[PDB]
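The structure under discussion appears below in the form of structure tokens.
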Amino acid sequence: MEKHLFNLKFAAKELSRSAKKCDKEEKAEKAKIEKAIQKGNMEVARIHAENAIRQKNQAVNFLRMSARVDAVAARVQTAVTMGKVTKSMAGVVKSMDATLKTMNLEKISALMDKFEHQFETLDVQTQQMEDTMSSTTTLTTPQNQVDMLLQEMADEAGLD
Amino acid sequence: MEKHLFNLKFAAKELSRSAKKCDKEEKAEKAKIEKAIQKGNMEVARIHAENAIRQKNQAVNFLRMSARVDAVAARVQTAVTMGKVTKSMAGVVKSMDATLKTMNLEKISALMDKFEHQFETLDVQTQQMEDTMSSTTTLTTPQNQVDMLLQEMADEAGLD
Amino acid sequence: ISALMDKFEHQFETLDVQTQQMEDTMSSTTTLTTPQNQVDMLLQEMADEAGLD
Amino acid sequence: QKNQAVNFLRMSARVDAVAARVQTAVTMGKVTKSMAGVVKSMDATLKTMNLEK
């Protein structure tokens, strides 16, 4: 499908370029007319005048085609990108669906209260551990000593 | 599943870029109109005016698609990251569970009173060792000598 | 297509409820580490002086 | 864009919290294992080193 989009854009830019040439030729042809009629030739001056004119109207005609073809090119662009979005969206709806069948909310919620209970047990493990761990080395940290220390750095705390 | 996320973001940034072009072309097309009507041509001036307009409304249309597609892209993003978090969380709940079955709190607590008793025995080992170790070399450290020393550095202690 | 789209609404709707649920249990498990009172006094702390620098 | 900023940033918060507690869980794990290690090695070296000898 892309192939046709690319050919349309190509045809558009094509028409623009050709129109551009015909216009350029038009200007050059004015110049050439002036050189011609400078001699006093009334025939060459004629067919040059003529080719100048046709170059200009061709410029109009081509450039018009460039317009309309460009427009269809735009809408085709929209059509393709729309296509991509549609496909990909179908993709997420499906994968998410078949992953919504085994992930259906009940199993999740269960997994979550299971979660609460779980790390709750983590916390009690922690607490227990730190009780025995702090009652084994506790000879090296009297309560009294810590009291007088904390007081020591209390009264003078911000005095430096 | 990632593939569709990436295609959606891609389509969004795509639409933005194309909109940007159409806008740029719009400005250039104003300029080109002015050059055109400068001659006095009332036809080229027409189809240029026209293409300018359509470029602008296309800018609106595309840019709108960019908006909405971007929105769906965002919510899909949320869906994926949510997915990752869910899986990984299931992971920790399980590993932690099967490690909560053989680590069940009773065995830990037992291990901990065993811990207290253990390093308690460490301390008595220490004490004993230092008693014999300090009663073997004790000829080289009289008590009297240490008394007079400590006193010596007591009275003048802070006098320097 | 249209069918696929209402299916779409329903789908990500379920996404949102999944989200909400998850964040309820997830925020009620660690909630010891974020008292309500503490947050109140904090937000107030940075309220009164907020733009004073 | 702004409301998304809120929503995402909220998820960042809660997920971060669970991340923290999981961190604690792992480090706790390491400490537990290693501690079991010292209790055992020290024990089997407390059997032939028993205080009388």
Point to revise | Single residue of the range A:104-134 satisfying the filter (acidic (D, E) and under 42 Å from the mean Cα position of the chain (by Cα)) that is surrounded by the most Cβ atoms within 10 Å (Cβ to Cβ) | key: A:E116
Point to revise | Matching residues, the range B:44-62, being surrounded by 14 or more Cβ atoms within 10 Å (Cβ to Cβ) and either of a type outside the set (A, V, I, L, M) or in contact with a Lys or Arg (Cβ under 8 Å, 6 or more places away or on another chain) (or both) | key: B:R46, B:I47, B:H48, B:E50, B:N51, B:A52, B:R54, B:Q55, B:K56, B:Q58, B:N61, B:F62
Check your understanding: Take the residues of the range B:46-70 that are farther than 25 Å from B:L5 by Cα and among the charged types (D, E, K, R): which is farthest from the other protein chains (Cβ to nearest Cβ)?
Key -> B:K56
Practice item. State which residue is nearest to A:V93 (Cα to Cα) when the search covers only the range C:1-34 and only residues that are under 16 Å from the mean Cα position of the chain (by Cα) and in a loop (DSSP other than H, G, I, E, B). Key: C:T30
Point to revise | Filter result (more than 19 Å from B:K84 (Cβ to Cβ) and within 14 Å of chain C (Cβ to nearest Cβ)) within the range D:1-24 | key: D:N3, D:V6, D:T24
Practice item. Can you confirm whether the range B:31-45 contains a residue that is more than 9 Å from every other protein chain (Cβ to nearest Cβ) and farther than 24 Å from A:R68 by Cβ? Key: yes
Exercise for review: Tell me, yes or no, whether the range B:57-64 has at least one residue that is in contact with a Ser or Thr (Cβ under 6 Å, 6 or more places away or on another chain) and part of a helix (DSSP H, G or I).
Suggested key: yes
Exercise for review: Only residues that are part of a helix (DSSP H, G or I) and over 16 Å from the mean Cα position of the chain (by Cα): list them for the range C:35-49, please.
Suggested key: C:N37, C:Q38, C:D40, C:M41, C:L42, C:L43, C:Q44, C:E45, C:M46, C:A47, C:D48
Revision key, fill the gap. Cβ pairs under 9 Å, 6+ apart or interchain, first in the range B:78-91 and touching a residue at least 24 places away in the same chain (Cβ under 8 Å), second assigned to a helix (DSSP H, G or I) and not charged (D, E, K, R), ordered by first then second residue, are B:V80/B:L5; B:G83/A:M96; B:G83/A:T99
Review point. Say we look at the range B:123-156 and pick out the residues that are in a helix (DSSP H, G or I) and of a type in the set (D, E, K, R); which of these is farthest from D:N50 (Cα to Cα)?
Key: B:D155
Review point. Here are A:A74, A:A79: which of them is surrounded by fewer than 13 Cβ atoms within 10 Å (Cβ to Cβ) and either within 12 Å of chain B (Cβ to nearest Cβ) or farther than 30 Å from B:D97 by Cα (or both)?
Key: A:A79
Exercise for review: Answer yes if at least one residue in the range B:135-157 is surrounded by 16 or more Cβ atoms within 10 Å (Cβ to Cβ) and aliphatic (A, V, I, L, M), and no otherwise.
Suggested key: no
Revision key, fill the gap. Among A:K114, A:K107, the single one that is assigned to a helix (DSSP H, G or I), closer than 30 Å to B:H4 by Cβ and not β-branched (V, I, T) is A:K107
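Bear in mind that the values in this text are calculations on the coordinates, not laboratory data. Note: ideal-geometry Cβ built from the backbone for every residue, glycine included; neighbour counts use all protein chains shown.
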